[PDB]
2 protein chains.
Amino acid sequence: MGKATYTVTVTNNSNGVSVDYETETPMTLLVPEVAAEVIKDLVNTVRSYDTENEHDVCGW
Amino acid sequence: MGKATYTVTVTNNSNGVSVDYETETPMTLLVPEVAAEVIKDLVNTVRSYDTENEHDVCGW
């Protein structure tokens, strides 16, 4: 099993919220639009657990 | 114990290499220039181990 994939894990030490996402991106990793979306995607996901559930959205 | 920080890990399932980075970026996480560098930096670091040279641009 030798595929080209990447695992980006984003966790908040302030909220202690961990979030991992498997994304297979070669050069796209260097890409800002992709990296930004990834970083934001991860964060967006981390916050996703904050909003909707466990308390209603407010701060955000 | 109440600090604001984030843990972004980057592992290449293709090279089985992993790289973790602890950075404190609130809104920056959404920023592409920051995320791009964070994503590229992470990758650059992961690849850094692939290259004999272990000197990667990351503030100095």
# chains A, B, ... in the order shown; residues from 1 in each chain; ligands from 1
>>> interface_residues(of="chain A", to="chain B", cutoff="7 Å", atoms="only C-alpha atoms", output="number ranges by chain")
A: 2-14, 29-33, 35-36, 39-40, 43
>>> select_by_dssp(residues="stretch 13-60 of chain A", states="alpha helix (DSSP H)", output="PDB file with N, CA, C and O atoms, in the first residue's frame")
ATOM      1  N   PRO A  32      -1.655  28.017  -1.812  1.00  0.00           N
ATOM      2  CA  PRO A  32      -2.247  28.794  -0.735  1.00  0.00           C
ATOM      3  C   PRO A  32      -3.765  28.619  -0.703  1.00  0.00           C
ATOM      4  O   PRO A  32      -4.351  28.447   0.364  1.00  0.00           O
ATOM      5  N   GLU A  33      -4.359  28.669  -1.886  1.00  0.00           N
ATOM      6  CA  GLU A  33      -5.800  28.518  -2.008  1.00  0.00           C
ATOM      7  C   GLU A  33      -6.245  27.179  -1.414  1.00  0.00           C
ATOM      8  O   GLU A  33      -7.307  27.091  -0.800  1.00  0.00           O
ATOM      9  N   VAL A  34      -5.411  26.171  -1.617  1.00  0.00           N
ATOM     10  CA  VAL A  34      -5.705  24.842  -1.110  1.00  0.00           C
ATOM     11  C   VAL A  34      -5.320  24.768   0.369  1.00  0.00           C
ATOM     12  O   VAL A  34      -6.082  24.256   1.187  1.00  0.00           O
ATOM     13  N   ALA A  35      -4.139  25.289   0.667  1.00  0.00           N
ATOM     14  CA  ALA A  35      -3.644  25.288   2.033  1.00  0.00           C
ATOM     15  C   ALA A  35      -4.590  26.105   2.913  1.00  0.00           C
ATOM     16  O   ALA A  35      -4.934  25.686   4.018  1.00  0.00           O
ATOM     17  N   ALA A  36      -4.985  27.258   2.393  1.00  0.00           N
ATOM     18  CA  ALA A  36      -5.885  28.138   3.118  1.00  0.00           C
ATOM     19  C   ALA A  36      -7.197  27.401   3.396  1.00  0.00           C
ATOM     20  O   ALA A  36      -7.682  27.395   4.527  1.00  0.00           O
ATOM     21  N   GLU A  37      -7.735  26.800   2.344  1.00  0.00           N
ATOM     22  CA  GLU A  37      -8.982  26.062   2.461  1.00  0.00           C
ATOM     23  C   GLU A  37      -8.816  24.891   3.431  1.00  0.00           C
ATOM     24  O   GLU A  37      -9.748  24.542   4.155  1.00  0.00           O
ATOM     25  N   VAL A  38      -7.623  24.314   3.414  1.00  0.00           N
ATOM     26  CA  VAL A  38      -7.323  23.189   4.283  1.00  0.00           C
ATOM     27  C   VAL A  38      -7.258  23.672   5.732  1.00  0.00           C
ATOM     28  O   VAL A  38      -7.922  23.116   6.607  1.00  0.00           O
ATOM     29  N   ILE A  39      -6.453  24.703   5.944  1.00  0.00           N
ATOM     30  CA  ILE A  39      -6.294  25.267   7.273  1.00  0.00           C
ATOM     31  C   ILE A  39      -7.648  25.770   7.776  1.00  0.00           C
ATOM     32  O   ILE A  39      -8.008  25.546   8.932  1.00  0.00           O
ATOM     33  N   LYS A  40      -8.364  26.439   6.885  1.00  0.00           N
ATOM     34  CA  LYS A  40      -9.672  26.973   7.223  1.00  0.00           C
ATOM     35  C   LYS A  40     -10.667  25.821   7.370  1.00  0.00           C
ATOM     36  O   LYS A  40     -11.503  25.831   8.272  1.00  0.00           O
ATOM     37  N   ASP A  41     -10.544  24.856   6.471  1.00  0.00           N
ATOM     38  CA  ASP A  41     -11.423  23.699   6.489  1.00  0.00           C
ATOM     39  C   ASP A  41     -11.297  22.990   7.839  1.00  0.00           C
ATOM     40  O   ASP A  41     -12.300  22.605   8.438  1.00  0.00           O
ATOM     41  N   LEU A  42     -10.056  22.839   8.277  1.00  0.00           N
ATOM     42  CA  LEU A  42      -9.786  22.182   9.546  1.00  0.00           C
ATOM     43  C   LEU A  42     -10.381  23.014  10.683  1.00  0.00           C
ATOM     44  O   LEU A  42     -11.117  22.491  11.519  1.00  0.00           O
ATOM     45  N   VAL A  43     -10.044  24.295  10.677  1.00  0.00           N
ATOM     46  CA  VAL A  43     -10.538  25.204  11.698  1.00  0.00           C
ATOM     47  C   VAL A  43     -12.067  25.240  11.647  1.00  0.00           C
ATOM     48  O   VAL A  43     -12.729  25.139  12.678  1.00  0.00           O
ATOM     49  N   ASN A  44     -12.584  25.384  10.435  1.00  0.00           N
ATOM     50  CA  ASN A  44     -14.021  25.435  10.235  1.00  0.00           C
ATOM     51  C   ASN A  44     -14.660  24.180  10.835  1.00  0.00           C
ATOM     52  O   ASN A  44     -15.754  24.243  11.394  1.00  0.00           O
ATOM     53  N   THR A  45     -13.949  23.071  10.700  1.00  0.00           N
ATOM     54  CA  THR A  45     -14.432  21.803  11.222  1.00  0.00           C
ATOM     55  C   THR A  45     -14.346  21.787  12.749  1.00  0.00           C
ATOM     56  O   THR A  45     -15.257  21.308  13.420  1.00  0.00           O
ATOM     57  N   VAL A  46     -13.240  22.319  13.253  1.00  0.00           N
ATOM     58  CA  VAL A  46     -13.024  22.372  14.689  1.00  0.00           C
ATOM     59  C   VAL A  46     -14.131  23.206  15.337  1.00  0.00           C
ATOM     60  O   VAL A  46     -14.682  22.821  16.367  1.00  0.00           O
ATOM     61  N   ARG A  47     -14.423  24.335  14.707  1.00  0.00           N
ATOM     62  CA  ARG A  47     -15.454  25.228  15.209  1.00  0.00           C
ATOM     63  C   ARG A  47     -16.840  24.629  14.963  1.00  0.00           C
ATOM     64  O   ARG A  47     -17.788  24.928  15.689  1.00  0.00           O
ATOM     65  N   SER A  48     -16.915  23.793  13.937  1.00  0.00           N
ATOM     66  CA  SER A  48     -18.169  23.150  13.587  1.00  0.00           C
ATOM     67  C   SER A  48     -18.734  22.406  14.799  1.00  0.00           C
ATOM     68  O   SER A  48     -19.946  22.382  15.008  1.00  0.00           O
TER      69      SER A  48
END
>>> calpha_fit_and_write(fixed="chain A", moving="chain B", output="PDB file with N, CA and C atoms, in the first residue's frame")
ATOM      1  N   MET B   1      -3.855  -0.949  -1.970  1.00  0.00           N
ATOM      2  CA  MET B   1      -3.849   0.194  -1.072  1.00  0.00           C
ATOM      3  C   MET B   1      -2.854   1.255  -1.542  1.00  0.00           C
ATOM      4  N   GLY B   2      -3.366   2.197  -2.322  1.00  0.00           N
ATOM      5  CA  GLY B   2      -2.538   3.271  -2.843  1.00  0.00           C
ATOM      6  C   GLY B   2      -3.385   4.494  -3.199  1.00  0.00           C
ATOM      7  N   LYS B   3      -3.703   5.273  -2.176  1.00  0.00           N
ATOM      8  CA  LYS B   3      -4.504   6.470  -2.366  1.00  0.00           C
ATOM      9  C   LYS B   3      -3.693   7.695  -1.937  1.00  0.00           C
ATOM     10  N   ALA B   4      -4.042   8.831  -2.521  1.00  0.00           N
ATOM     11  CA  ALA B   4      -3.359  10.075  -2.210  1.00  0.00           C
ATOM     12  C   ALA B   4      -4.232  10.909  -1.272  1.00  0.00           C
ATOM     13  N   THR B   5      -3.800  10.982  -0.020  1.00  0.00           N
ATOM     14  CA  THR B   5      -4.530  11.742   0.980  1.00  0.00           C
ATOM     15  C   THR B   5      -3.563  12.334   2.009  1.00  0.00           C
ATOM     16  N   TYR B   6      -4.085  13.265   2.795  1.00  0.00           N
ATOM     17  CA  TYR B   6      -3.284  13.915   3.818  1.00  0.00           C
ATOM     18  C   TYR B   6      -4.067  14.048   5.125  1.00  0.00           C
ATOM     19  N   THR B   7      -3.342  13.926   6.228  1.00  0.00           N
ATOM     20  CA  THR B   7      -3.954  14.031   7.540  1.00  0.00           C
ATOM     21  C   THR B   7      -3.400  15.242   8.293  1.00  0.00           C
ATOM     22  N   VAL B   8      -4.242  16.257   8.421  1.00  0.00           N
ATOM     23  CA  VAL B   8      -3.850  17.472   9.112  1.00  0.00           C
ATOM     24  C   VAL B   8      -4.607  17.567  10.439  1.00  0.00           C
ATOM     25  N   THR B   9      -3.846  17.519  11.523  1.00  0.00           N
ATOM     26  CA  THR B   9      -4.429  17.598  12.850  1.00  0.00           C
ATOM     27  C   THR B   9      -4.180  18.977  13.462  1.00  0.00           C
ATOM     28  N   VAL B  10      -5.109  19.390  14.313  1.00  0.00           N
ATOM     29  CA  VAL B  10      -5.003  20.681  14.969  1.00  0.00           C
ATOM     30  C   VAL B  10      -5.446  20.544  16.428  1.00  0.00           C
ATOM     31  N   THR B  11      -4.491  20.749  17.324  1.00  0.00           N
ATOM     32  CA  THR B  11      -4.769  20.652  18.748  1.00  0.00           C
ATOM     33  C   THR B  11      -4.353  21.940  19.460  1.00  0.00           C
ATOM     34  N   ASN B  12      -5.259  22.440  20.287  1.00  0.00           N
ATOM     35  CA  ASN B  12      -5.000  23.661  21.032  1.00  0.00           C
ATOM     36  C   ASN B  12      -4.511  23.302  22.436  1.00  0.00           C
ATOM     37  N   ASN B  13      -3.198  23.359  22.604  1.00  0.00           N
ATOM     38  CA  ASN B  13      -2.593  23.044  23.886  1.00  0.00           C
ATOM     39  C   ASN B  13      -3.124  24.010  24.947  1.00  0.00           C
ATOM     40  N   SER B  14      -3.781  25.058  24.472  1.00  0.00           N
ATOM     41  CA  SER B  14      -4.342  26.058  25.365  1.00  0.00           C
ATOM     42  C   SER B  14      -5.679  25.571  25.923  1.00  0.00           C
ATOM     43  N   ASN B  15      -6.411  24.857  25.080  1.00  0.00           N
ATOM     44  CA  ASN B  15      -7.705  24.328  25.475  1.00  0.00           C
ATOM     45  C   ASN B  15      -7.616  22.806  25.595  1.00  0.00           C
ATOM     46  N   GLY B  16      -6.440  22.288  25.273  1.00  0.00           N
ATOM     47  CA  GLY B  16      -6.211  20.854  25.339  1.00  0.00           C
ATOM     48  C   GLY B  16      -7.141  20.105  24.383  1.00  0.00           C
ATOM     49  N   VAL B  17      -7.762  20.867  23.495  1.00  0.00           N
ATOM     50  CA  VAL B  17      -8.677  20.290  22.524  1.00  0.00           C
ATOM     51  C   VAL B  17      -7.895  19.891  21.271  1.00  0.00           C
ATOM     52  N   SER B  18      -8.332  18.795  20.667  1.00  0.00           N
ATOM     53  CA  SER B  18      -7.685  18.296  19.464  1.00  0.00           C
ATOM     54  C   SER B  18      -8.723  18.091  18.359  1.00  0.00           C
ATOM     55  N   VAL B  19      -8.247  18.154  17.124  1.00  0.00           N
ATOM     56  CA  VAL B  19      -9.118  17.977  15.976  1.00  0.00           C
ATOM     57  C   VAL B  19      -8.292  17.489  14.784  1.00  0.00           C
ATOM     58  N   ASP B  20      -8.719  16.363  14.229  1.00  0.00           N
ATOM     59  CA  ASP B  20      -8.031  15.783  13.089  1.00  0.00           C
ATOM     60  C   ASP B  20      -8.938  15.861  11.858  1.00  0.00           C
ATOM     61  N   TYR B  21      -8.309  16.095  10.715  1.00  0.00           N
ATOM     62  CA  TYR B  21      -9.043  16.194   9.465  1.00  0.00           C
ATOM     63  C   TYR B  21      -8.277  15.525   8.324  1.00  0.00           C
ATOM     64  N   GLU B  22      -8.970  14.632   7.631  1.00  0.00           N
ATOM     65  CA  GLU B  22      -8.367  13.919   6.517  1.00  0.00           C
ATOM     66  C   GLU B  22      -8.817  14.529   5.189  1.00  0.00           C
ATOM     67  N   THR B  23      -7.859  15.121   4.491  1.00  0.00           N
ATOM     68  CA  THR B  23      -8.141  15.744   3.210  1.00  0.00           C
ATOM     69  C   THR B  23      -7.032  15.426   2.206  1.00  0.00           C
ATOM     70  N   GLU B  24      -7.423  15.359   0.942  1.00  0.00           N
ATOM     71  CA  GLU B  24      -6.476  15.064  -0.120  1.00  0.00           C
ATOM     72  C   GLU B  24      -6.175  16.328  -0.928  1.00  0.00           C
ATOM     73  N   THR B  25      -5.092  16.990  -0.549  1.00  0.00           N
ATOM     74  CA  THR B  25      -4.686  18.210  -1.228  1.00  0.00           C
ATOM     75  C   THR B  25      -3.186  18.176  -1.531  1.00  0.00           C
ATOM     76  N   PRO B  26      -2.868  18.016  -2.842  1.00  0.00           N
ATOM     77  CA  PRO B  26      -1.483  17.966  -3.277  1.00  0.00           C
ATOM     78  C   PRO B  26      -0.852  19.360  -3.258  1.00  0.00           C
ATOM     79  N   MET B  27      -1.078  20.090  -4.342  1.00  0.00           N
ATOM     80  CA  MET B  27      -0.539  21.434  -4.463  1.00  0.00           C
ATOM     81  C   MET B  27      -1.324  22.420  -3.592  1.00  0.00           C
ATOM     82  N   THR B  28      -2.598  22.110  -3.408  1.00  0.00           N
ATOM     83  CA  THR B  28      -3.464  22.955  -2.603  1.00  0.00           C
ATOM     84  C   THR B  28      -2.831  23.219  -1.235  1.00  0.00           C
ATOM     85  N   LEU B  29      -2.159  22.199  -0.723  1.00  0.00           N
ATOM     86  CA  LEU B  29      -1.505  22.307   0.569  1.00  0.00           C
ATOM     87  C   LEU B  29      -0.631  23.562   0.590  1.00  0.00           C
ATOM     88  N   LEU B  30      -0.095  23.892  -0.576  1.00  0.00           N
ATOM     89  CA  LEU B  30       0.758  25.062  -0.704  1.00  0.00           C
ATOM     90  C   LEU B  30      -0.114  26.307  -0.872  1.00  0.00           C
ATOM     91  N   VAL B  31      -1.311  26.086  -1.397  1.00  0.00           N
ATOM     92  CA  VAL B  31      -2.245  27.178  -1.615  1.00  0.00           C
ATOM     93  C   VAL B  31      -2.635  27.786  -0.267  1.00  0.00           C
ATOM     94  N   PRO B  32      -2.623  29.144  -0.224  1.00  0.00           N
ATOM     95  CA  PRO B  32      -2.972  29.860   0.992  1.00  0.00           C
ATOM     96  C   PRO B  32      -4.482  29.830   1.232  1.00  0.00           C
ATOM     97  N   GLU B  33      -5.224  30.052   0.156  1.00  0.00           N
ATOM     98  CA  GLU B  33      -6.675  30.053   0.235  1.00  0.00           C
ATOM     99  C   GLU B  33      -7.181  28.698   0.732  1.00  0.00           C
ATOM    100  N   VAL B  34      -6.480  27.653   0.318  1.00  0.00           N
ATOM    101  CA  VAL B  34      -6.846  26.303   0.711  1.00  0.00           C
ATOM    102  C   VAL B  34      -6.291  26.015   2.108  1.00  0.00           C
ATOM    103  N   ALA B  35      -5.030  26.375   2.294  1.00  0.00           N
ATOM    104  CA  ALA B  35      -4.373  26.163   3.572  1.00  0.00           C
ATOM    105  C   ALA B  35      -5.057  27.015   4.642  1.00  0.00           C
ATOM    106  N   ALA B  36      -5.366  28.248   4.263  1.00  0.00           N
ATOM    107  CA  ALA B  36      -6.021  29.169   5.176  1.00  0.00           C
ATOM    108  C   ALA B  36      -7.342  28.559   5.650  1.00  0.00           C
ATOM    109  N   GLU B  37      -8.106  28.062   4.687  1.00  0.00           N
ATOM    110  CA  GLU B  37      -9.388  27.451   4.992  1.00  0.00           C
ATOM    111  C   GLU B  37      -9.186  26.143   5.759  1.00  0.00           C
ATOM    112  N   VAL B  38      -8.116  25.446   5.405  1.00  0.00           N
ATOM    113  CA  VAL B  38      -7.798  24.183   6.048  1.00  0.00           C
ATOM    114  C   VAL B  38      -7.385  24.445   7.498  1.00  0.00           C
ATOM    115  N   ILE B  39      -6.634  25.522   7.681  1.00  0.00           N
ATOM    116  CA  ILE B  39      -6.168  25.894   9.005  1.00  0.00           C
ATOM    117  C   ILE B  39      -7.327  26.500   9.799  1.00  0.00           C
ATOM    118  N   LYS B  40      -8.067  27.374   9.130  1.00  0.00           N
ATOM    119  CA  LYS B  40      -9.202  28.029   9.758  1.00  0.00           C
ATOM    120  C   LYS B  40     -10.303  26.999  10.011  1.00  0.00           C
ATOM    121  N   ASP B  41     -10.490  26.125   9.031  1.00  0.00           N
ATOM    122  CA  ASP B  41     -11.504  25.091   9.136  1.00  0.00           C
ATOM    123  C   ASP B  41     -11.204  24.208  10.348  1.00  0.00           C
ATOM    124  N   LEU B  42      -9.938  23.831  10.467  1.00  0.00           N
ATOM    125  CA  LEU B  42      -9.509  22.991  11.572  1.00  0.00           C
ATOM    126  C   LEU B  42      -9.771  23.717  12.892  1.00  0.00           C
ATOM    127  N   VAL B  43      -9.332  24.967  12.940  1.00  0.00           N
ATOM    128  CA  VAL B  43      -9.512  25.778  14.132  1.00  0.00           C
ATOM    129  C   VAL B  43     -11.007  26.010  14.366  1.00  0.00           C
ATOM    130  N   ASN B  44     -11.697  26.344  13.285  1.00  0.00           N
ATOM    131  CA  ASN B  44     -13.126  26.595  13.357  1.00  0.00           C
ATOM    132  C   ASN B  44     -13.825  25.367  13.943  1.00  0.00           C
ATOM    133  N   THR B  45     -13.310  24.202  13.579  1.00  0.00           N
ATOM    134  CA  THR B  45     -13.872  22.952  14.060  1.00  0.00           C
ATOM    135  C   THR B  45     -13.546  22.754  15.541  1.00  0.00           C
ATOM    136  N   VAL B  46     -12.297  23.038  15.882  1.00  0.00           N
ATOM    137  CA  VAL B  46     -11.845  22.896  17.255  1.00  0.00           C
ATOM    138  C   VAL B  46     -12.677  23.811  18.158  1.00  0.00           C
ATOM    139  N   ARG B  47     -12.880  25.031  17.682  1.00  0.00           N
ATOM    140  CA  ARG B  47     -13.652  26.007  18.433  1.00  0.00           C
ATOM    141  C   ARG B  47     -15.140  25.654  18.390  1.00  0.00           C
ATOM    142  N   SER B  48     -15.522  24.967  17.323  1.00  0.00           N
ATOM    143  CA  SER B  48     -16.906  24.563  17.150  1.00  0.00           C
ATOM    144  C   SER B  48     -17.391  23.808  18.390  1.00  0.00           C
ATOM    145  N   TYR B  49     -16.483  23.034  18.964  1.00  0.00           N
ATOM    146  CA  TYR B  49     -16.802  22.257  20.150  1.00  0.00           C
ATOM    147  C   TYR B  49     -16.949  23.164  21.375  1.00  0.00           C
ATOM    148  N   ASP B  50     -16.336  24.335  21.282  1.00  0.00           N
ATOM    149  CA  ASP B  50     -16.391  25.297  22.369  1.00  0.00           C
ATOM    150  C   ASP B  50     -17.759  25.982  22.370  1.00  0.00           C
ATOM    151  N   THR B  51     -18.310  26.135  21.175  1.00  0.00           N
ATOM    152  CA  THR B  51     -19.607  26.771  21.023  1.00  0.00           C
ATOM    153  C   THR B  51     -20.719  25.719  21.022  1.00  0.00           C
ATOM    154  N   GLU B  52     -21.824  26.070  21.664  1.00  0.00           N
ATOM    155  CA  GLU B  52     -22.962  25.170  21.744  1.00  0.00           C
ATOM    156  C   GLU B  52     -23.308  24.630  20.355  1.00  0.00           C
ATOM    157  N   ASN B  53     -23.225  25.515  19.373  1.00  0.00           N
ATOM    158  CA  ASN B  53     -23.527  25.141  18.000  1.00  0.00           C
ATOM    159  C   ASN B  53     -22.343  24.369  17.415  1.00  0.00           C
ATOM    160  N   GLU B  54     -22.665  23.265  16.757  1.00  0.00           N
ATOM    161  CA  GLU B  54     -21.643  22.432  16.147  1.00  0.00           C
ATOM    162  C   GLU B  54     -21.781  22.450  14.625  1.00  0.00           C
ATOM    163  N   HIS B  55     -22.320  23.553  14.124  1.00  0.00           N
ATOM    164  CA  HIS B  55     -22.512  23.710  12.693  1.00  0.00           C
ATOM    165  C   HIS B  55     -21.455  24.665  12.134  1.00  0.00           C
ATOM    166  N   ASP B  56     -20.466  24.082  11.475  1.00  0.00           N
ATOM    167  CA  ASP B  56     -19.391  24.867  10.890  1.00  0.00           C
ATOM    168  C   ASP B  56     -19.434  24.727   9.367  1.00  0.00           C
ATOM    169  N   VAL B  57     -19.255  25.855   8.695  1.00  0.00           N
ATOM    170  CA  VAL B  57     -19.271  25.872   7.244  1.00  0.00           C
ATOM    171  C   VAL B  57     -18.101  25.038   6.715  1.00  0.00           C
ATOM    172  N   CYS B  58     -18.447  23.987   5.986  1.00  0.00           N
ATOM    173  CA  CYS B  58     -17.440  23.106   5.419  1.00  0.00           C
ATOM    174  C   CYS B  58     -18.098  22.268   4.320  1.00  0.00           C
ATOM    175  N   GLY B  59     -18.646  22.967   3.338  1.00  0.00           N
ATOM    176  CA  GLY B  59     -19.307  22.304   2.226  1.00  0.00           C
ATOM    177  C   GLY B  59     -20.501  21.479   2.711  1.00  0.00           C
ATOM    178  N   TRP B  60     -21.618  21.654   2.021  1.00  0.00           N
ATOM    179  CA  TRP B  60     -22.832  20.936   2.370  1.00  0.00           C
ATOM    180  C   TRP B  60     -23.842  21.138   1.240  1.00  0.00           C
TER     181      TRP B  60
END
